[PDB]
$ cat work-v2.txt   # compact mmCIF, N, CA and C atoms
# COMPACT_ATOMS: atom_id res chain seq x y z
N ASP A 1 141.42 37.09 80.58
CA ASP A 1 141.13 38.38 81.18
C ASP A 1 140.20 39.19 80.30
N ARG A 2 139.20 38.53 79.74
CA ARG A 2 138.17 39.22 78.97
C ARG A 2 137.33 40.12 79.85
N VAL A 3 137.20 39.77 81.13
CA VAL A 3 136.35 40.51 82.04
C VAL A 3 136.94 41.87 82.38
N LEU A 4 138.23 42.06 82.17
CA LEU A 4 138.85 43.34 82.47
C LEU A 4 138.74 44.34 81.32
N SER A 5 138.14 43.96 80.20
CA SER A 5 137.82 44.91 79.15
C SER A 5 136.36 45.30 79.15
N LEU A 6 135.53 44.61 79.91
CA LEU A 6 134.17 45.05 80.14
C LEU A 6 134.19 46.28 81.04
N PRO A 7 133.13 47.09 81.02
CA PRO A 7 133.06 48.23 81.95
C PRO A 7 132.93 47.76 83.39
N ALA A 8 133.83 48.25 84.24
CA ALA A 8 133.91 47.80 85.62
C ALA A 8 132.74 48.29 86.45
N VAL A 9 132.13 49.40 86.05
CA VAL A 9 130.93 49.88 86.72
C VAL A 9 129.77 48.97 86.37
N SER A 10 129.19 48.33 87.38
CA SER A 10 128.14 47.35 87.18
C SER A 10 126.86 48.01 86.71
N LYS A 11 125.91 47.19 86.28
CA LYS A 11 124.59 47.72 85.96
C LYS A 11 123.85 48.12 87.23
N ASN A 12 124.16 47.46 88.34
CA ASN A 12 123.66 47.89 89.64
C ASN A 12 124.13 49.29 89.99
N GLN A 13 125.41 49.57 89.79
CA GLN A 13 125.93 50.88 90.16
C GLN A 13 125.40 51.97 89.26
N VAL A 14 125.14 51.66 87.99
CA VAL A 14 124.49 52.62 87.11
C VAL A 14 123.06 52.86 87.57
N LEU A 15 122.34 51.79 87.91
CA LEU A 15 120.96 51.94 88.34
C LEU A 15 120.83 52.59 89.71
N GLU A 16 121.89 52.62 90.51
CA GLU A 16 121.82 53.30 91.79
C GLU A 16 122.49 54.67 91.79
N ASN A 17 123.25 55.00 90.76
CA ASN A 17 123.76 56.36 90.61
C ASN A 17 122.93 57.19 89.65
N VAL A 18 122.03 56.56 88.90
CA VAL A 18 121.13 57.28 88.00
C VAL A 18 119.79 57.52 88.67
N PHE A 19 119.20 56.49 89.27
CA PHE A 19 117.99 56.64 90.06
C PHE A 19 118.39 56.67 91.53
N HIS A 20 118.92 57.81 91.97
CA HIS A 20 119.45 57.85 93.33
C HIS A 20 118.37 58.11 94.37
N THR A 21 117.43 59.02 94.09
CA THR A 21 116.35 59.35 95.01
C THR A 21 115.03 58.95 94.38
N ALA A 22 114.12 58.43 95.19
CA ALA A 22 112.77 58.17 94.73
C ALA A 22 112.07 59.49 94.44
N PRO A 23 111.68 59.77 93.20
CA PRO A 23 111.22 61.11 92.86
C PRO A 23 109.84 61.41 93.43
N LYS A 24 109.59 62.69 93.62
CA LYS A 24 108.34 63.13 94.23
C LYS A 24 107.22 63.07 93.21
N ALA A 25 106.14 62.40 93.57
CA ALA A 25 104.97 62.37 92.72
C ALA A 25 104.29 63.75 92.72
N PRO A 26 103.63 64.13 91.63
CA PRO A 26 102.95 65.43 91.64
C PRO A 26 101.66 65.43 92.43
N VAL A 27 101.05 64.26 92.66
CA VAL A 27 99.80 64.20 93.41
C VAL A 27 100.04 64.23 94.91
N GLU A 28 101.30 64.14 95.34
CA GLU A 28 101.59 64.20 96.77
C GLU A 28 101.34 65.59 97.32
N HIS A 29 101.68 66.62 96.54
CA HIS A 29 101.38 68.00 96.91
C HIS A 29 99.89 68.22 97.04
N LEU A 30 99.11 67.69 96.09
CA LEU A 30 97.66 67.82 96.14
C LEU A 30 97.09 67.14 97.37
N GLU A 31 97.46 65.89 97.62
CA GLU A 31 96.82 65.18 98.72
C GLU A 31 97.26 65.72 100.08
N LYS A 32 98.50 66.21 100.20
CA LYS A 32 98.94 66.76 101.47
C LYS A 32 98.30 68.11 101.75
N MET A 33 98.34 69.02 100.77
CA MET A 33 97.75 70.33 100.99
C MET A 33 96.24 70.27 101.06
N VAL A 34 95.60 69.28 100.44
CA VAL A 34 94.17 69.10 100.61
C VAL A 34 93.85 68.58 102.01
N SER A 35 94.64 67.64 102.53
CA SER A 35 94.38 67.16 103.88
C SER A 35 94.68 68.21 104.95
N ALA A 36 95.47 69.24 104.63
CA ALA A 36 95.65 70.32 105.59
C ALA A 36 94.67 71.48 105.39
N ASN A 37 94.31 71.79 104.15
CA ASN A 37 93.30 72.81 103.93
C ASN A 37 91.91 72.31 104.29
N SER A 38 91.72 71.01 104.46
CA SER A 38 90.48 70.54 105.07
C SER A 38 90.39 70.99 106.52
N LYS A 39 91.53 71.05 107.22
CA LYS A 39 91.54 71.59 108.57
C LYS A 39 91.37 73.10 108.58
N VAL A 40 91.94 73.78 107.59
CA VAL A 40 91.68 75.22 107.43
C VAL A 40 90.21 75.48 107.13
N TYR A 41 89.57 74.61 106.35
CA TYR A 41 88.14 74.74 106.12
C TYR A 41 87.35 74.46 107.38
N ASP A 42 87.74 73.42 108.12
CA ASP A 42 86.98 73.01 109.29
C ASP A 42 86.99 74.09 110.36
N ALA A 43 88.15 74.67 110.63
CA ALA A 43 88.18 75.65 111.70
C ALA A 43 87.62 77.00 111.31
N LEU A 44 87.70 77.38 110.04
CA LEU A 44 87.63 78.80 109.71
C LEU A 44 86.67 79.09 108.57
N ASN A 45 85.46 78.54 108.55
CA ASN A 45 84.64 78.78 107.37
C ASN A 45 83.36 79.57 107.59
N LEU A 46 82.65 79.32 108.70
CA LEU A 46 81.26 79.67 109.08
C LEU A 46 80.22 78.72 108.51
N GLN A 47 80.60 77.65 107.82
CA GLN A 47 79.64 76.61 107.49
C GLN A 47 80.09 75.23 107.91
N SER A 48 81.26 75.12 108.54
CA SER A 48 81.74 73.82 108.97
C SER A 48 80.97 73.35 110.19
N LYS A 49 81.05 72.06 110.48
CA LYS A 49 80.37 71.60 111.68
C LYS A 49 81.14 71.96 112.94
N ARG A 50 82.47 72.07 112.85
CA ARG A 50 83.29 72.43 114.00
C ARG A 50 84.03 73.72 113.70
N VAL A 51 83.34 74.84 113.82
CA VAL A 51 83.97 76.13 113.55
C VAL A 51 84.59 76.59 114.85
N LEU A 52 85.65 77.36 114.75
CA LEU A 52 86.26 77.92 115.94
C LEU A 52 85.69 79.27 116.32
N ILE A 53 84.72 79.80 115.57
CA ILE A 53 84.28 81.17 115.81
C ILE A 53 83.46 81.29 117.09
N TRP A 54 82.91 80.20 117.60
CA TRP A 54 82.21 80.26 118.87
C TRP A 54 83.11 79.92 120.04
N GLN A 55 84.27 79.33 119.79
CA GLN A 55 85.26 79.10 120.83
C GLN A 55 86.24 80.25 120.95
N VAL A 56 86.16 81.23 120.08
CA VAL A 56 87.15 82.29 119.98
C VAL A 56 86.53 83.65 120.26
N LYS A 57 85.39 83.94 119.64
CA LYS A 57 84.62 85.16 119.88
C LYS A 57 83.24 84.68 120.27
N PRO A 58 82.97 84.47 121.58
CA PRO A 58 82.02 83.43 122.01
C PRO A 58 80.59 83.56 121.52
N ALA A 59 79.89 84.62 121.94
CA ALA A 59 78.54 85.01 121.54
C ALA A 59 78.20 86.23 122.37
N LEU A 60 77.02 86.81 122.16
CA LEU A 60 76.44 87.73 123.13
C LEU A 60 74.94 87.47 123.12
N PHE A 61 74.48 86.58 123.99
CA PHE A 61 73.06 86.31 124.08
C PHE A 61 72.42 87.16 125.17
N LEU B 1 74.16 99.19 134.01
CA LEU B 1 73.40 100.42 134.01
C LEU B 1 72.82 100.72 135.38
N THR B 2 72.45 101.98 135.59
CA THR B 2 71.78 102.40 136.81
C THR B 2 70.30 102.05 136.73
N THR B 3 69.58 102.27 137.82
CA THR B 3 68.15 102.00 137.78
C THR B 3 67.37 103.13 137.14
N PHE B 4 67.97 104.31 137.01
CA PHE B 4 67.30 105.44 136.39
C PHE B 4 68.15 106.00 135.26
N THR B 5 67.56 106.09 134.08
CA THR B 5 68.19 106.63 132.89
C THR B 5 67.45 107.90 132.49
N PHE B 6 68.18 108.87 131.96
CA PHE B 6 67.61 110.15 131.54
C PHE B 6 67.94 110.45 130.09
N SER B 7 67.73 109.47 129.21
CA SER B 7 67.97 109.66 127.79
C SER B 7 66.74 109.26 127.00
N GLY B 8 66.54 109.92 125.87
CA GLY B 8 65.51 109.53 124.93
C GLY B 8 64.65 110.67 124.43
N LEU B 9 64.62 110.84 123.11
CA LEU B 9 63.84 111.84 122.37
C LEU B 9 64.15 113.28 122.78
N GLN B 10 65.28 113.51 123.44
CA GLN B 10 65.81 114.85 123.67
C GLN B 10 67.28 114.78 123.31
N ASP B 11 67.65 115.51 122.26
CA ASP B 11 68.95 115.41 121.59
C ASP B 11 69.21 113.98 121.11
N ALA B 12 68.17 113.34 120.61
CA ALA B 12 68.29 112.03 120.00
C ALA B 12 68.89 112.16 118.60
N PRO B 13 69.30 111.05 117.99
CA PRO B 13 69.56 111.06 116.55
C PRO B 13 68.32 111.40 115.74
N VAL B 14 68.43 112.44 114.92
CA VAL B 14 67.38 112.79 113.97
C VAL B 14 67.66 112.28 112.57
N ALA B 15 68.80 111.63 112.36
CA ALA B 15 69.14 111.10 111.05
C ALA B 15 70.12 109.94 111.21
N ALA B 16 70.13 109.07 110.22
CA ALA B 16 71.09 107.98 110.17
C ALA B 16 72.34 108.41 109.42
N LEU B 17 73.44 107.69 109.67
CA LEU B 17 74.74 108.06 109.12
C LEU B 17 75.27 107.12 108.05
N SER B 18 74.59 106.02 107.78
CA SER B 18 75.07 105.04 106.82
C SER B 18 74.38 105.23 105.48
N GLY B 19 74.60 104.27 104.59
CA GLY B 19 73.85 104.19 103.36
C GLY B 19 72.96 102.96 103.35
N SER B 20 73.10 102.12 104.37
CA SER B 20 72.45 100.82 104.37
C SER B 20 71.08 100.81 105.04
N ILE B 21 70.75 101.83 105.82
CA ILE B 21 69.49 101.86 106.55
C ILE B 21 69.05 103.31 106.72
N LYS B 22 67.81 103.59 106.36
CA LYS B 22 67.33 104.96 106.25
C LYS B 22 66.42 105.30 107.42
N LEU B 23 66.82 106.30 108.20
CA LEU B 23 66.07 106.76 109.36
C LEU B 23 65.78 108.25 109.23
N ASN B 24 64.54 108.63 109.49
CA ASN B 24 64.14 110.02 109.60
C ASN B 24 63.05 110.11 110.64
N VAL B 25 63.16 111.07 111.56
CA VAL B 25 62.15 111.25 112.59
C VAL B 25 61.64 112.69 112.56
N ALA B 26 60.38 112.84 112.93
CA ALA B 26 59.74 114.15 113.05
C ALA B 26 59.44 114.36 114.53
N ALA B 27 60.39 114.95 115.24
CA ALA B 27 60.25 115.22 116.66
C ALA B 27 59.28 116.39 116.82
N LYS B 28 58.02 116.07 117.11
CA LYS B 28 56.98 117.07 117.30
C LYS B 28 57.03 117.60 118.73
N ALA B 29 55.96 118.29 119.14
CA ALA B 29 55.91 118.88 120.47
C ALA B 29 55.79 117.81 121.55
N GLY B 30 54.98 116.79 121.31
CA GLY B 30 54.88 115.70 122.25
C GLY B 30 55.61 114.43 121.85
N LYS B 31 55.38 113.98 120.63
CA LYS B 31 55.76 112.64 120.19
C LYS B 31 56.75 112.73 119.04
N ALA B 32 57.04 111.58 118.44
CA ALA B 32 57.95 111.49 117.31
C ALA B 32 57.32 110.64 116.23
N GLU B 33 57.65 110.97 114.98
CA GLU B 33 57.20 110.21 113.82
C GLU B 33 58.43 109.48 113.29
N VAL B 34 58.68 108.28 113.80
CA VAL B 34 59.83 107.49 113.39
C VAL B 34 59.41 106.53 112.28
N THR B 35 60.08 106.64 111.14
CA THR B 35 59.81 105.79 109.98
C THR B 35 61.15 105.33 109.44
N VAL B 36 61.40 104.02 109.48
CA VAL B 36 62.69 103.47 109.11
C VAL B 36 62.52 102.38 108.06
N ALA B 37 63.56 102.21 107.25
CA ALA B 37 63.59 101.20 106.20
C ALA B 37 65.02 100.73 106.04
N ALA B 38 65.20 99.42 105.87
CA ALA B 38 66.52 98.82 105.70
C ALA B 38 66.44 97.83 104.55
N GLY B 39 66.66 98.31 103.34
CA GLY B 39 66.59 97.45 102.17
C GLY B 39 65.17 97.14 101.75
N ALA B 40 64.76 95.89 101.96
CA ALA B 40 63.49 95.39 101.45
C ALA B 40 62.31 95.63 102.39
N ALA B 41 62.54 96.17 103.58
CA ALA B 41 61.46 96.31 104.55
C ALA B 41 61.11 97.78 104.79
N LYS B 42 59.92 97.98 105.35
CA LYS B 42 59.47 99.28 105.82
C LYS B 42 59.01 99.15 107.26
N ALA B 43 59.25 100.19 108.05
CA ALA B 43 58.78 100.22 109.43
C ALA B 43 58.45 101.65 109.79
N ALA B 44 57.21 101.88 110.21
CA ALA B 44 56.74 103.20 110.61
C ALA B 44 55.92 103.01 111.88
N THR B 45 56.52 103.30 113.02
CA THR B 45 55.85 103.19 114.31
C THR B 45 55.79 104.56 114.96
N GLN B 46 55.08 104.63 116.08
CA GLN B 46 54.92 105.88 116.82
C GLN B 46 55.45 105.70 118.23
N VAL B 47 56.37 106.57 118.62
CA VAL B 47 56.88 106.59 119.98
C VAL B 47 56.56 107.96 120.57
N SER B 48 56.31 107.98 121.87
CA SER B 48 56.17 109.22 122.61
C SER B 48 57.45 109.50 123.36
N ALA B 49 57.53 110.70 123.95
CA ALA B 49 58.70 111.06 124.74
C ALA B 49 58.81 110.22 126.00
N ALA B 50 57.69 109.74 126.52
CA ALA B 50 57.67 108.84 127.66
C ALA B 50 57.66 107.38 127.26
N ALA B 51 57.71 107.08 125.97
CA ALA B 51 57.79 105.70 125.53
C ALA B 51 59.21 105.17 125.52
N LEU B 52 60.20 106.04 125.31
CA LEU B 52 61.59 105.65 125.43
C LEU B 52 62.08 105.66 126.87
N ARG B 53 61.40 106.38 127.76
CA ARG B 53 61.78 106.34 129.16
C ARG B 53 61.35 105.04 129.82
N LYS B 54 60.32 104.39 129.29
CA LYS B 54 59.93 103.08 129.79
C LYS B 54 60.81 101.97 129.24
N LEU B 55 61.71 102.28 128.32
CA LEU B 55 62.45 101.24 127.63
C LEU B 55 63.59 100.70 128.48
N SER B 56 64.21 101.56 129.28
CA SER B 56 65.30 101.16 130.16
C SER B 56 64.82 100.66 131.51
N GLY B 57 63.57 100.22 131.61
CA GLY B 57 63.03 99.76 132.87
C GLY B 57 63.56 98.40 133.26
N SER B 58 63.41 97.44 132.36
CA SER B 58 64.07 96.15 132.48
C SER B 58 65.29 96.18 131.59
N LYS B 59 66.43 95.78 132.13
CA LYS B 59 67.68 95.82 131.38
C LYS B 59 67.86 94.56 130.56
N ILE B 60 68.62 94.68 129.48
CA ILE B 60 68.87 93.52 128.63
C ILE B 60 69.85 92.57 129.30
N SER B 61 70.98 93.11 129.78
CA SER B 61 72.02 92.39 130.53
C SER B 61 72.60 91.23 129.72
N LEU B 62 73.29 91.62 128.65
CA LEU B 62 73.94 90.66 127.76
C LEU B 62 75.07 89.95 128.47
N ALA B 63 75.38 88.74 128.00
CA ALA B 63 76.47 87.97 128.57
C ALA B 63 77.01 87.02 127.52
N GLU B 64 78.32 86.79 127.59
CA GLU B 64 79.01 85.91 126.67
C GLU B 64 78.58 84.47 126.91
N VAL B 65 78.29 83.74 125.84
CA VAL B 65 78.05 82.31 125.92
C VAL B 65 79.29 81.63 125.36
N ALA B 66 80.16 81.17 126.25
CA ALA B 66 81.46 80.67 125.84
C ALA B 66 81.50 79.16 125.92
N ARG B 67 82.45 78.58 125.19
CA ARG B 67 82.58 77.13 125.22
C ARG B 67 83.16 76.67 126.54
N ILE B 68 84.19 77.35 127.02
CA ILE B 68 84.78 77.03 128.31
C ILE B 68 84.71 78.26 129.21
N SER B 69 85.32 79.36 128.80
CA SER B 69 85.28 80.57 129.59
C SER B 69 85.43 81.75 128.64
N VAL B 70 85.17 82.94 129.16
CA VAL B 70 85.48 84.12 128.37
C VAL B 70 86.98 84.35 128.40
N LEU B 71 87.60 84.00 129.52
CA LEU B 71 89.05 84.08 129.65
C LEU B 71 89.74 83.12 128.71
N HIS B 72 89.27 81.87 128.70
CA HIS B 72 89.87 80.85 127.86
C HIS B 72 89.66 81.15 126.39
N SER B 73 88.50 81.69 126.03
CA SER B 73 88.28 82.06 124.64
C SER B 73 89.10 83.28 124.24
N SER B 74 89.42 84.16 125.18
CA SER B 74 90.32 85.27 124.84
C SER B 74 91.74 84.78 124.62
N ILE B 75 92.19 83.83 125.43
CA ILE B 75 93.54 83.28 125.25
C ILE B 75 93.61 82.45 123.97
N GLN B 76 92.55 81.68 123.68
CA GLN B 76 92.48 80.93 122.43
C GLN B 76 92.39 81.85 121.22
N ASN B 77 91.70 82.98 121.35
CA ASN B 77 91.63 83.94 120.27
C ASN B 77 92.99 84.57 120.00
N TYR B 78 93.77 84.81 121.05
CA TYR B 78 95.12 85.32 120.83
C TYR B 78 96.01 84.27 120.21
N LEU B 79 95.83 83.01 120.59
CA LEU B 79 96.61 81.94 119.97
C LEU B 79 96.22 81.75 118.51
N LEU B 80 94.95 81.95 118.17
CA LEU B 80 94.52 81.88 116.78
C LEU B 80 95.06 83.05 115.98
N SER B 81 95.09 84.24 116.57
CA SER B 81 95.64 85.39 115.87
C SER B 81 97.16 85.36 115.82

$ encode --input "work-v2.txt" --output "structure tokens"
Amino acid sequence: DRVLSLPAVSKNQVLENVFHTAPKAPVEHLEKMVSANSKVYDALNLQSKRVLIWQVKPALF
Amino acid sequence: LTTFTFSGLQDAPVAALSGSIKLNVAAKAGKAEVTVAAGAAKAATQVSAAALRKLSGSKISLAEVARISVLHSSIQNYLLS
């Protein structure tokens, strides 16, 4: 019964109770907010190719 | 607008109200000495009292150039706001 003096918590259980969640990378915030502020740039700049300012306040020719 | 307008060089603006563009006129007995400047440019032309009455002869008649409609752009503008 040598096995009953070893720690009963396996190395698997340590590795799954210590690294429980896959941690958030810091570049995920950058790439997500950049891919959404590209849409903020596209709609709302006055130099984008697809501005909303002519679909919203049309013109007066 | 109507086909006949009765405005011009009688109780006209004799001065500008901003700081961005300078207007001064000399309303004489017949004509006006209008000289204007807006930043880097100068403009000094001569208008008569009957020169502004000819101005409303053909109307400008502005109109919205919309992507779909003026109605649709107003609803889209409210959705954007």

$ atom_distance --input "work-v2.txt" --atom1 "CA of residue 57 in chain B" --atom2 "CA of residue 3 in chain B"
7.4 Å

$ atom_distance --input "work-v2.txt" --atom1 "CA of residue 40 in chain B" --atom2 "atom N of residue 45 in chain A"
28.6 Å

$ interface_residues --input "work-v2.txt" --of "chain B" --to "chain A" --cutoff "6 Å" --atoms "only N, CA and C atoms" --output "list in words"
residues 62, 63, 64, 65, 66, 67, 73, 74, 76 and 77 of chain B

$ residues_around --input "work-v2.txt" --residues "residue 47 in chain B" --least-positions-apart "4" --cutoff "6.5 Å" --atoms "only N, CA and C atoms" --output "count of residues only"
6

$ atom_distance --input "work-v2.txt" --atom1 "atom C of residue 40 in chain A" --atom2 "atom C of residue 75 in chain B"
18.5 Å

$ select_by_dssp --input "work-v2.txt" --residues "chain A" --states "alpha helix (DSSP H)" --output "JSON, numbers by chain"
{"A": [11, 12, 13, 14, 15, 16, 17, 18, 27, 28, 29, 30, 31, 32, 33, 34, 35, 36, 37, 38, 39, 40, 41, 42, 43, 53, 54, 55, 56]}

$ write_last_selection --input "work-v2.txt" --atoms "N, CA and C atoms" --output "PDB file, keeping the file's coordinate frame"
ATOM      1  N   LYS A  11     125.910  47.190  86.280  1.00  0.00           N
ATOM      2  CA  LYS A  11     124.590  47.720  85.960  1.00  0.00           C
ATOM      3  C   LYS A  11     123.850  48.120  87.230  1.00  0.00           C
ATOM      4  N   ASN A  12     124.160  47.460  88.340  1.00  0.00           N
ATOM      5  CA  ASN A  12     123.660  47.890  89.640  1.00  0.00           C
ATOM      6  C   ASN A  12     124.130  49.290  89.990  1.00  0.00           C
ATOM      7  N   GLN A  13     125.410  49.570  89.790  1.00  0.00           N
ATOM      8  CA  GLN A  13     125.930  50.880  90.160  1.00  0.00           C
ATOM      9  C   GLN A  13     125.400  51.970  89.260  1.00  0.00           C
ATOM     10  N   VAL A  14     125.140  51.660  87.990  1.00  0.00           N
ATOM     11  CA  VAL A  14     124.490  52.620  87.110  1.00  0.00           C
ATOM     12  C   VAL A  14     123.060  52.860  87.570  1.00  0.00           C
ATOM     13  N   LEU A  15     122.340  51.790  87.910  1.00  0.00           N
ATOM     14  CA  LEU A  15     120.960  51.940  88.340  1.00  0.00           C
ATOM     15  C   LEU A  15     120.830  52.590  89.710  1.00  0.00           C
ATOM     16  N   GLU A  16     121.890  52.620  90.510  1.00  0.00           N
ATOM     17  CA  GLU A  16     121.820  53.300  91.790  1.00  0.00           C
ATOM     18  C   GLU A  16     122.490  54.670  91.790  1.00  0.00           C
ATOM     19  N   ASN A  17     123.250  55.000  90.760  1.00  0.00           N
ATOM     20  CA  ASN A  17     123.760  56.360  90.610  1.00  0.00           C
ATOM     21  C   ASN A  17     122.930  57.190  89.650  1.00  0.00           C
ATOM     22  N   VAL A  18     122.030  56.560  88.900  1.00  0.00           N
ATOM     23  CA  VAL A  18     121.130  57.280  88.000  1.00  0.00           C
ATOM     24  C   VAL A  18     119.790  57.520  88.670  1.00  0.00           C
ATOM     25  N   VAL A  27     101.050  64.260  92.660  1.00  0.00           N
ATOM     26  CA  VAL A  27      99.800  64.200  93.410  1.00  0.00           C
ATOM     27  C   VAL A  27     100.040  64.230  94.910  1.00  0.00           C
ATOM     28  N   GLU A  28     101.300  64.140  95.340  1.00  0.00           N
ATOM     29  CA  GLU A  28     101.590  64.200  96.770  1.00  0.00           C
ATOM     30  C   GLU A  28     101.340  65.590  97.320  1.00  0.00           C
ATOM     31  N   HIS A  29     101.680  66.620  96.540  1.00  0.00           N
ATOM     32  CA  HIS A  29     101.380  68.000  96.910  1.00  0.00           C
ATOM     33  C   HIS A  29      99.890  68.220  97.040  1.00  0.00           C
ATOM     34  N   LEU A  30      99.110  67.690  96.090  1.00  0.00           N
ATOM     35  CA  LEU A  30      97.660  67.820  96.140  1.00  0.00           C
ATOM     36  C   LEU A  30      97.090  67.140  97.370  1.00  0.00           C
ATOM     37  N   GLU A  31      97.460  65.890  97.620  1.00  0.00           N
ATOM     38  CA  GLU A  31      96.820  65.180  98.720  1.00  0.00           C
ATOM     39  C   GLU A  31      97.260  65.720 100.080  1.00  0.00           C
ATOM     40  N   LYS A  32      98.500  66.210 100.200  1.00  0.00           N
ATOM     41  CA  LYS A  32      98.940  66.760 101.470  1.00  0.00           C
ATOM     42  C   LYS A  32      98.300  68.110 101.750  1.00  0.00           C
ATOM     43  N   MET A  33      98.340  69.020 100.770  1.00  0.00           N
ATOM     44  CA  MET A  33      97.750  70.330 100.990  1.00  0.00           C
ATOM     45  C   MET A  33      96.240  70.270 101.060  1.00  0.00           C
ATOM     46  N   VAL A  34      95.600  69.280 100.440  1.00  0.00           N
ATOM     47  CA  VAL A  34      94.170  69.100 100.610  1.00  0.00           C
ATOM     48  C   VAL A  34      93.850  68.580 102.010  1.00  0.00           C
ATOM     49  N   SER A  35      94.640  67.640 102.530  1.00  0.00           N
ATOM     50  CA  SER A  35      94.380  67.160 103.880  1.00  0.00           C
ATOM     51  C   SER A  35      94.680  68.210 104.950  1.00  0.00           C
ATOM     52  N   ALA A  36      95.470  69.240 104.630  1.00  0.00           N
ATOM     53  CA  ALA A  36      95.650  70.320 105.590  1.00  0.00           C
ATOM     54  C   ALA A  36      94.670  71.480 105.390  1.00  0.00           C
ATOM     55  N   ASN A  37      94.310  71.790 104.150  1.00  0.00           N
ATOM     56  CA  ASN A  37      93.300  72.810 103.930  1.00  0.00           C
ATOM     57  C   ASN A  37      91.910  72.310 104.290  1.00  0.00           C
ATOM     58  N   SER A  38      91.720  71.010 104.460  1.00  0.00           N
ATOM     59  CA  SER A  38      90.480  70.540 105.070  1.00  0.00           C
ATOM     60  C   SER A  38      90.390  70.990 106.520  1.00  0.00           C
ATOM     61  N   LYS A  39      91.530  71.050 107.220  1.00  0.00           N
ATOM     62  CA  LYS A  39      91.540  71.590 108.570  1.00  0.00           C
ATOM     63  C   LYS A  39      91.370  73.100 108.580  1.00  0.00           C
ATOM     64  N   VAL A  40      91.940  73.780 107.590  1.00  0.00           N
ATOM     65  CA  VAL A  40      91.680  75.220 107.430  1.00  0.00           C
ATOM     66  C   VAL A  40      90.210  75.480 107.130  1.00  0.00           C
ATOM     67  N   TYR A  41      89.570  74.610 106.350  1.00  0.00           N
ATOM     68  CA  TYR A  41      88.140  74.740 106.120  1.00  0.00           C
ATOM     69  C   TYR A  41      87.350  74.460 107.380  1.00  0.00           C
ATOM     70  N   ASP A  42      87.740  73.420 108.120  1.00  0.00           N
ATOM     71  CA  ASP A  42      86.980  73.010 109.290  1.00  0.00           C
ATOM     72  C   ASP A  42      86.990  74.090 110.360  1.00  0.00           C
ATOM     73  N   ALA A  43      88.150  74.670 110.630  1.00  0.00           N
ATOM     74  CA  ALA A  43      88.180  75.650 111.700  1.00  0.00           C
ATOM     75  C   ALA A  43      87.620  77.000 111.310  1.00  0.00           C
ATOM     76  N   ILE A  53      84.720  79.800 115.570  1.00  0.00           N
ATOM     77  CA  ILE A  53      84.280  81.170 115.810  1.00  0.00           C
ATOM     78  C   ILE A  53      83.460  81.290 117.090  1.00  0.00           C
ATOM     79  N   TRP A  54      82.910  80.200 117.600  1.00  0.00           N
ATOM     80  CA  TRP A  54      82.210  80.260 118.870  1.00  0.00           C
ATOM     81  C   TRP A  54      83.110  79.920 120.040  1.00  0.00           C
ATOM     82  N   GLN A  55      84.270  79.330 119.790  1.00  0.00           N
ATOM     83  CA  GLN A  55      85.260  79.100 120.830  1.00  0.00           C
ATOM     84  C   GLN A  55      86.240  80.250 120.950  1.00  0.00           C
ATOM     85  N   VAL A  56      86.160  81.230 120.080  1.00  0.00           N
ATOM     86  CA  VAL A  56      87.150  82.290 119.980  1.00  0.00           C
ATOM     87  C   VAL A  56      86.530  83.650 120.260  1.00  0.00           C
TER      88      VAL A  56
END

$ residues_around --input "work-v2.txt" --residues "residue 37 in chain B" --least-positions-apart "5" --cutoff "9 Å" --atoms "only C-alpha atoms" --output "count of residues only"
6
